[PDB]
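Asker: Below is a structure I'd like to ask you about.
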Amino acid sequence: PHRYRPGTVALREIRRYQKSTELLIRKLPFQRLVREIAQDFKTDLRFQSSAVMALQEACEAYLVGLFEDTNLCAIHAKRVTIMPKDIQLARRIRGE
Amino acid sequence: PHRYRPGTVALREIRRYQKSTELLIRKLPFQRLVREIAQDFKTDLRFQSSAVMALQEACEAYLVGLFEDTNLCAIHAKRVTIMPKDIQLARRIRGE
Amino acid sequence: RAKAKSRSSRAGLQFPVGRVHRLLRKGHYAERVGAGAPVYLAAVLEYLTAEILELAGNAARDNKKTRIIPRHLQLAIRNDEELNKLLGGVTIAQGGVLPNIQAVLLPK
Amino acid sequence: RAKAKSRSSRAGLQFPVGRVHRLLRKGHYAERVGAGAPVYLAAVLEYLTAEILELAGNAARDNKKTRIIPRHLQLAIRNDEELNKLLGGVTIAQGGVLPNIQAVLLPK
Amino acid sequence: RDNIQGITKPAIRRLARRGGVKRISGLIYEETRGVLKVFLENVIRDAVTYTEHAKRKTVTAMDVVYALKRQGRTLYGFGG
Amino acid sequence: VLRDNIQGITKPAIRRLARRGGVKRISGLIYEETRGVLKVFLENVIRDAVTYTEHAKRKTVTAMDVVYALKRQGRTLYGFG
Amino acid sequence: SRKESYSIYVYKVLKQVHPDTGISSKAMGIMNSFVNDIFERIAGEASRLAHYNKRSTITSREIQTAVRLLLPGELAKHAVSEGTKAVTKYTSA
Amino acid sequence: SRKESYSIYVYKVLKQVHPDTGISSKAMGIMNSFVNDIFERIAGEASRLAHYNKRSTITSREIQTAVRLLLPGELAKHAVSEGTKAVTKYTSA
């Protein structure tokens with residue numbers, strides 16, 4: 001059967017997800033995680049349907065931006081694979 | 001004659017200048033530069049004696065911080081010589 | 001008693017001069033507000049609003065659509081070198097990202 | 001007309017409660033200011049002042065000096081993990097940097 | 001609890017793909033989870049503080065908008 | 001008018017600043033990049049300082065104008081009042 | 001309760017720039033938030049500028065200076081002309 | 001005419017913490033600017049909290065929440081503890 005060489009599909013996916021607009025995190029797992037973390041500060045809290053969506057949009061934007069910055073640091077070392085030290089360097093330089 | 005090996009004087013200067021607190025740029029050449037640039041916006045400007053000092057302190061602290069940041073991204077490439085691309089990369093990641 | 005005429009009509013603006021004046025008094029920004037401040041601020045907001053809508057509409061027309069949607073606002077803001085400076089710290093829901101790939105990653 | 005005594009004496013504080021109260025009313029933060037705000041804010045400022053001065057005074061003795069100078073304040077701020085987070089962006093003149101050399105740069 | 005495991009590997013891959021990353025090392029996942037957890041914790045602490053000041057029991061979208069606004073990032077589309 | 005003074009930021013001063021930052025070895029091209037960066041930095045601060053000066057209708061630039069200009073960018077500077 | 005918004009004004013402007021084009025509800029909500037954002041930034045800077053000069057009244061000069069300080073060069077260059085023309089016409093009426 | 005600064009109160013605290021040390025005018029300048037900075041940050045945050053809830057007055061509840069938001073966890077606990085202690089002494093005076 002026909003088989004694509006390594007990386008052809010990665011580029012196709014890159015184009016697909018750069019052209020799309022939908023959310024990428026599963027709604028239920030995120031909602032359960034939010035309800036779990038909030039329990040340490042105050043018990044029996046309640047959340048409106050739009051608050052979880054606002055938190056999801058902010059978190060997704062933050063991670064996308066951090067990955068964009070990490071990609072520059074990876075190319076600078078003449079590597080292609082991103083590694084934890086690259087994230088650590090980007091975060092240190094950003095002053096987080 | 002007598003002659004030290006490469007780098008020992010550099011290290012001695014590093015240990016010296018991190019202990020001291022004086023200014024490193026000449027006061028008068030800098031005052032001329034400040035009166036040079038300000039004239040492009042308005043003529044006959046005057047500067048209080050302390051304003052030039054405030055600008056010099058801000059500029060020196062800024063260059064020192066930029067070089068400190070540049071050094072981290074320089075070591076990451078397994079090099080010891082800093083080069084222009086390190087400054088350009090640091091400024092790009094800082095978002096300015 | 002003369003027939004009432006809106007201040008917006010006198011200035012020729014569309015935005016509400018009265019609402020901006022009310023907001024300036026209620027925000028406690030200062031104890032006194034001059035009569036010219038709200039007209040100037042309304043004019044600036046009207047200029048900036050139309051400046052953004054024009055770019056959005058041109059993008060929408062290129063996309064062969066008739067209704068403006070958030071995607072068109074994102075493409076409009078991120079392609080202008082001056083709007084991108086004023087709105088660098090703002091995130092738009094469902095805006096996505098601009099297509100971009102590093103040349104080193106493309107195949108030989 | 002009873003004999004007057006300062007509010008700071010009643011509360012047991014060193015900072016001027018009257019002056020802080022005046023500054024709040026003149027800042028237009030709100031149309032009304034409660035009685036407890038100035039005593040609380042004065043106590044907080046006095047606490048933070050004492051912590052900074054205490055750390056600077058301890059740093060002075062470590063250099064056998066008897067008078068505080070900007071270098072001592074810089075050393076006091078940059079050596080505390082709590083103070084450094086609140087004052088991370090502030091620049092202090094004549095403070096200089098802390099001594100630090102990467103181990104990779106030291107001789108083998 | 002195990003709820004942190006709900007952010008499966010494919011979701012992280014999709015996020016990395018949107019950022020243009022072509023090849024990803026297998027250790028990036030635990031670091032990404034650690035980075036996300038501290039961000040969520042930071043935002044929720046502020047949101048819950050605003051909720052508690054109002055004597056409410058339900059957390060509304062405005063409280064999240066103000067938390068993000070204080071951290072220095074502004075969110076458009078949910079209110080305010 | 002001064003046709004050119006930015007040449008007056010000498011190579012030794014730049015080396016000394018890099019030394020305070022812990023830089024051990026410096027490439028020969030760093031000097032012109034550093035001059036360009038410093039000039040770009042100074043223009044942005046001076047434009048605002050002059051803007052406040054003109055708004056006040058004064059003719060003398062004052063330390064406070066620089067303090068406020070620096071504050072707007074988030075670089076509050078302590079020591080000059 | 002009743003909630004105020006600029007939605008009708010945003011629609012009038014859109015109809016003047018593109019009569020055949022329409023706008024979805026999400027875009028209306030975004031524009032309605034963006035207007036309040038810029039309003040708070042300009043009013044904030046005007047407030048700081050008033051206290052440093054010991055003045056008790058905000059005037060058009062404060063708005064003009066705040067606009068020149070916040071917006072980049074070309075945008076400010078056009079906006080200042082728009083405001084000057086608007087105030088001149090209003091006063092002439 | 002007559003200016004106003006916190007140099008006296010800073011000196012009183014200094015002589016209470018360390019009665020044998022003095023302070024240079026250069027350090028006094030930094031201590032004077034530090035107080036104006038934190039004062040402005042807290043009053044700003046308290047005003048925003050009061051406006052969002054549609055309240056006309058600023059009370060100790062606003063100050064306590066602002067303190068919990070601006071200061072880190074360890075500084076906040078102590079500051080709030082002694083702030084409430086001071087308020088209790090004042091109200092009981």
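Order determines the names: the first chain of the structure tokens is A, the second B, and so forth; residues in each chain are numbered 1 upward, and ligands are numbered 1 upward as they are shown.
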Which residues are near residue 5 in chain H? Cut-off 12 Å, only C-alpha atoms, ignore same chain within fewer than 5 positions. Put them as number ranges by chain.
Answerer: D: 15-16, 19-20; F: 81; H: 10-11, 28-36
Asker: Which residues are close to residue 68 in chain C, i.e. within 12 Å by only C-alpha atoms, leaving aside same-chain residues fewer than 3 positions away? Reply as a short mmCIF file (atom, residue, chain, number, x, y, z; two decimals) with C-alpha atoms, in the first residue's frame.
Answerer:
data_model
loop_
_atom_site.label_atom_id
_atom_site.label_comp_id
_atom_site.auth_asym_id
_atom_site.auth_seq_id
_atom_site.Cartn_x
_atom_site.Cartn_y
_atom_site.Cartn_z
CA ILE C 52 -11.27 48.39 12.63
CA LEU C 53 -14.57 47.59 10.91
CA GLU C 54 -13.21 48.57 7.49
CA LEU C 55 -10.38 46.05 7.64
CA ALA C 56 -12.76 43.42 8.97
CA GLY C 57 -15.17 43.96 6.08
CA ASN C 58 -12.43 43.74 3.46
CA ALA C 59 -11.26 40.46 4.97
CA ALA C 60 -14.83 39.14 5.04
CA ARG C 61 -15.31 40.02 1.37
CA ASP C 62 -12.09 38.24 0.44
CA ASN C 63 -13.35 35.15 2.31
CA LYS C 64 -16.53 35.34 0.13
CA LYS C 65 -18.78 35.66 3.20
CA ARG C 71 -11.98 34.90 12.82
CA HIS C 72 -12.08 37.93 10.53
CA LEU C 73 -11.32 40.25 13.43
CA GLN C 74 -8.28 38.17 14.37
CA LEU C 75 -6.94 38.14 10.81
CA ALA C 76 -7.51 41.90 10.56
CA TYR G 11 -24.19 48.51 13.70
CA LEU G 14 -20.83 49.00 9.97
CA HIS G 18 -20.23 48.37 4.23
CA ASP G 20 -24.28 45.07 2.23
CA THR G 21 -22.33 43.40 5.08
CA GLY G 22 -23.75 42.15 8.38
CA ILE G 23 -22.38 41.19 11.80
CA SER G 24 -22.91 38.16 14.04
CA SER G 25 -23.69 38.37 17.77
CA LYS G 26 -20.20 37.28 18.84
CA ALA G 27 -18.59 40.13 16.94
CA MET G 28 -21.00 42.56 18.57
CA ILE G 30 -16.28 41.65 21.20
CA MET G 31 -16.59 45.18 19.88
#
Asker: For residue 28 in chain C, which residue among G:67, G:43, G:93, G:76 is the nearest when counting only C-alpha atoms?
Answerer: G:43
Asker: Given identical sequences, what C-alpha RMSD separates chain A from chain B after least-squares superposition over all Cα in order?
Answerer: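 Overlaying the two chains on their C-alpha atoms yields 0.5 Å.
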Asker: Quick one, how far is CA of residue 40 in chain G from CA of residue 41 in chain H?
Answerer: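 Between CA of residue 40 in chain G and CA of residue 41 in chain H the gap works out to 17.4 Å.
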Asker: For the alpha helix (DSSP H) assignment from backbone DSSP, which residues of range 26-69 of chain H qualify? Please present them as a PyMOL selection string.
Answerer: chain H and resi 26-52+60-69
Asker: Find the residues near residue 97 in chain D: any atom within 10 Å, counting only C-alpha atoms, skip ones fewer than 4 places away on the same chain, and give them as an MDAnalysis selection string.
Answerer: (chainID B and resid 17:21 61 64:65) or (chainID D and resid 71 74:75 78) or (chainID F and resid 20:21)
Asker: Would you mind exporting N, CA, C and O atoms of the selected residues as a tab-separated table (two decimals), in the first residue's frame?
Answerer:
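Saved result, part10.tsv, follows:
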chain	number	residue	atom	x	y	z
B	17	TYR	N	34.60	44.32	39.04
B	17	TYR	CA	33.46	45.15	38.67
B	17	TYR	C	32.13	44.70	39.25
B	17	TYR	O	31.20	45.50	39.30
B	18	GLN	N	32.01	43.46	39.72
B	18	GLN	CA	30.76	43.10	40.38
B	18	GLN	C	30.74	43.57	41.82
B	18	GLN	O	29.67	43.62	42.43
B	19	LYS	N	31.89	43.93	42.36
B	19	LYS	CA	32.00	44.41	43.73
B	19	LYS	C	31.84	45.92	43.79
B	19	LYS	O	31.31	46.44	44.78
B	20	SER	N	32.28	46.63	42.76
B	20	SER	CA	32.19	48.08	42.74
B	20	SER	C	30.80	48.54	42.31
B	20	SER	O	29.96	47.76	41.86
B	21	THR	N	30.57	49.85	42.46
B	21	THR	CA	29.29	50.47	42.13
B	21	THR	C	29.37	51.76	41.32
B	21	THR	O	28.34	52.41	41.14
B	61	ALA	N	21.71	50.22	33.64
B	61	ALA	CA	21.04	49.06	34.20
B	61	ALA	C	20.39	48.22	33.11
B	61	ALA	O	20.42	46.99	33.16
B	64	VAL	N	23.15	46.21	31.23
B	64	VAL	CA	23.64	45.12	32.07
B	64	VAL	C	22.64	43.98	32.09
B	64	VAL	O	23.00	42.80	31.95
B	65	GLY	N	21.35	44.29	32.27
B	65	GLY	CA	20.35	43.24	32.29
B	65	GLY	C	20.25	42.51	30.96
B	65	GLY	O	20.12	41.28	30.92
D	71	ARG	N	23.88	50.33	48.92
D	71	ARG	CA	24.32	48.96	48.70
D	71	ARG	C	23.68	48.02	49.71
D	71	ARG	O	23.29	46.89	49.36
D	74	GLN	N	20.06	47.25	48.63
D	74	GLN	CA	20.00	46.33	47.50
D	74	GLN	C	20.29	44.91	47.97
D	74	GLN	O	19.61	43.96	47.57
D	75	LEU	N	21.33	44.73	48.79
D	75	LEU	CA	21.63	43.40	49.29
D	75	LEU	C	20.48	42.83	50.11
D	75	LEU	O	20.20	41.63	50.05
D	78	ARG	N	17.50	41.88	47.40
D	78	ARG	CA	17.78	40.75	46.50
D	78	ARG	C	18.08	39.44	47.22
D	78	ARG	O	18.14	38.40	46.56
F	20	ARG	N	30.64	43.68	33.98
F	20	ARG	CA	29.77	43.67	35.15
F	20	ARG	C	28.73	42.57	35.05
F	20	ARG	O	28.35	41.96	36.05
F	21	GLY	N	28.25	42.30	33.85
F	21	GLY	CA	27.31	41.24	33.61
F	21	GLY	C	27.90	39.85	33.59
F	21	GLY	O	27.17	38.87	33.42
Asker: Just the number, please: Cα RMSD of chain C on chain D after least-squares superposition over all C-alpha atoms matched in order.
Answerer: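 The optimal C-alpha superposition leaves an RMSD of 0.4 Å.
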Asker: Show me which bits of chain C are within 7 Å of chain A, counting only C-alpha atoms, as a PDB file with N, CA, C and O atoms, in the first residue's frame.
Answerer:
ATOM      1  N   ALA C  93     -11.283  35.275  21.749  1.00  0.00           N
ATOM      2  CA  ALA C  93     -11.822  33.921  21.738  1.00  0.00           C
ATOM      3  C   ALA C  93     -12.110  33.451  20.316  1.00  0.00           C
ATOM      4  O   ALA C  93     -12.659  34.192  19.497  1.00  0.00           O
ATOM      5  N   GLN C  94     -11.758  32.192  20.036  1.00  0.00           N
ATOM      6  CA  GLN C  94     -11.904  31.577  18.714  1.00  0.00           C
ATOM      7  C   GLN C  94     -11.125  32.294  17.615  1.00  0.00           C
ATOM      8  O   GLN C  94     -11.476  32.186  16.437  1.00  0.00           O
ATOM      9  N   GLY C  95     -10.058  33.015  17.963  1.00  0.00           N
ATOM     10  CA  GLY C  95      -9.302  33.731  16.951  1.00  0.00           C
ATOM     11  C   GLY C  95      -8.286  32.876  16.225  1.00  0.00           C
ATOM     12  O   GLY C  95      -8.024  33.099  15.040  1.00  0.00           O
ATOM     13  N   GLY C  96      -7.711  31.894  16.899  1.00  0.00           N
ATOM     14  CA  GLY C  96      -6.707  31.065  16.256  1.00  0.00           C
ATOM     15  C   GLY C  96      -5.388  31.790  16.019  1.00  0.00           C
ATOM     16  O   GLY C  96      -5.104  32.843  16.595  1.00  0.00           O
ATOM     17  N   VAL C  97      -4.583  31.210  15.123  1.00  0.00           N
ATOM     18  CA  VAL C  97      -3.249  31.715  14.829  1.00  0.00           C
ATOM     19  C   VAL C  97      -3.074  31.914  13.330  1.00  0.00           C
ATOM     20  O   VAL C  97      -3.812  31.363  12.512  1.00  0.00           O
ATOM     21  N   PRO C  99      -1.063  31.410   9.808  1.00  0.00           N
ATOM     22  CA  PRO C  99      -0.231  30.345   9.233  1.00  0.00           C
ATOM     23  C   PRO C  99       1.223  30.779   9.135  1.00  0.00           C
ATOM     24  O   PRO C  99       1.534  31.841   8.592  1.00  0.00           O
TER      25      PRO C  99
END
Asker: Could you make a table, as a Markdown table, of the residues of chain A that have an atom within 7 Å of an atom of chain E, each with its nearest atom pair and distance in Å to one decimal, counting only C-alpha atoms, in chain and number order?
Answerer:
| residue | atom | partner | partner_atom | distance |
| --- | --- | --- | --- | --- |
| A:10 | CA | E:22 | CA | 6.3 |
| A:13 | CA | E:17 | CA | 7.0 |
| A:14 | CA | E:17 | CA | 5.3 |
| A:17 | CA | E:18 | CA | 5.5 |
| A:18 | CA | E:18 | CA | 5.4 |
| A:24 | CA | E:11 | CA | 6.2 |
| A:25 | CA | E:11 | CA | 6.0 |
| A:29 | CA | E:6 | CA | 5.0 |
| A:32 | CA | E:3 | CA | 6.5 |
| A:33 | CA | E:3 | CA | 5.3 |
| A:38 | CA | E:44 | CA | 6.8 |
| A:45 | CA | E:57 | CA | 5.9 |
| A:46 | CA | E:58 | CA | 4.3 |
| A:47 | CA | E:59 | CA | 4.8 |
| A:48 | CA | E:60 | CA | 5.5 |
| A:50 | CA | E:61 | CA | 5.9 |
| A:51 | CA | E:61 | CA | 4.3 |
| A:54 | CA | E:61 | CA | 6.9 |
| A:64 | CA | E:19 | CA | 5.8 |
| A:67 | CA | E:19 | CA | 5.7 |
| A:68 | CA | E:19 | CA | 5.1 |
| A:71 | CA | E:21 | CA | 6.4 |
| A:80 | CA | E:23 | CA | 6.5 |
| A:81 | CA | E:23 | CA | 5.0 |
| A:82 | CA | E:24 | CA | 5.7 |
| A:83 | CA | E:25 | CA | 6.0 |
| A:84 | CA | E:28 | CA | 5.9 |
Asker: Which one of G:13, G:86, G:47, G:92 sits closest to residue 12 in chain C if you count only C-alpha atoms?
Answerer: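 When distances to residue 12 in chain C are compared using only C-alpha atoms, the smallest one comes from G:86.
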Asker: Within 8 Å of range 38-46 of chain F, counting only C-alpha atoms, which residues show up once you throw out same-chain ones fewer than 5 positions away? Write them as number ranges by chain, please.
Answerer: B: 37-38, 59, 63; F: 66, 69-70
Asker: Write a file of the just-selected residues containing N, CA and C atoms, as a short mmCIF file (atom, residue, chain, number, x, y, z; two decimals), in the first residue's frame.
Answerer:
data_model
loop_
_atom_site.label_atom_id
_atom_site.label_comp_id
_atom_site.auth_asym_id
_atom_site.auth_seq_id
_atom_site.Cartn_x
_atom_site.Cartn_y
_atom_site.Cartn_z
N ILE B 37 20.03 64.20 20.70
CA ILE B 37 18.77 63.57 20.28
C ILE B 37 17.56 64.45 20.59
N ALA B 38 17.51 65.04 21.78
CA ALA B 38 16.35 65.84 22.16
C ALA B 38 16.05 66.98 21.20
N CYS B 59 19.93 53.60 31.50
CA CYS B 59 20.58 52.97 30.35
C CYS B 59 21.61 51.93 30.77
N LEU B 63 21.41 47.91 29.84
CA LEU B 63 22.40 47.14 29.10
C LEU B 63 22.94 45.99 29.93
N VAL F 66 11.32 62.45 33.61
CA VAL F 66 11.95 61.18 33.26
C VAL F 66 11.41 60.07 34.15
N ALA F 69 8.04 59.15 32.77
CA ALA F 69 8.20 58.44 31.50
C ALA F 69 8.65 57.01 31.72
N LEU F 70 9.59 56.80 32.63
CA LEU F 70 10.06 55.45 32.92
C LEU F 70 8.97 54.63 33.59
#
Asker: Distance cut-off 8 Å, counting only C-alpha atoms - which residues of chain A neighbour chain B? Return them as a PDB file with C-alpha atoms, in the first residue's frame.
Answerer:
ATOM      1  CA  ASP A  69       8.404  30.691  22.005  1.00  0.00           C
ATOM      2  CA  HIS A  76      18.835  28.052  17.860  1.00  0.00           C
ATOM      3  CA  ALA A  77      20.667  24.945  19.117  1.00  0.00           C
ATOM      4  CA  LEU A  89      15.265  28.373  29.229  1.00  0.00           C
ATOM      5  CA  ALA A  90      12.288  30.097  27.606  1.00  0.00           C
ATOM      6  CA  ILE A  93      14.252  34.329  29.963  1.00  0.00           C
ATOM      7  CA  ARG A  94      10.596  35.369  30.062  1.00  0.00           C
TER       8      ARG A  94
END
Asker: Using DSSP secondary structure from the backbone, list all strand (DSSP E or B) positions within chain C, as number ranges by chain.
Answerer: C: 32-33, 67-68, 90-92
Asker: Find, counting only C-alpha atoms, the residue in F:30, F:37, F:23, F:64 that gets nearest to chain D.
Answerer: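 For chain D, the nearest of the given residues is F:23.
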Asker: Please compute the CA of residue 63 in chain G-CA of residue 73 in chain F distance, one decimal, in Å.
Answerer: 19.5 Å
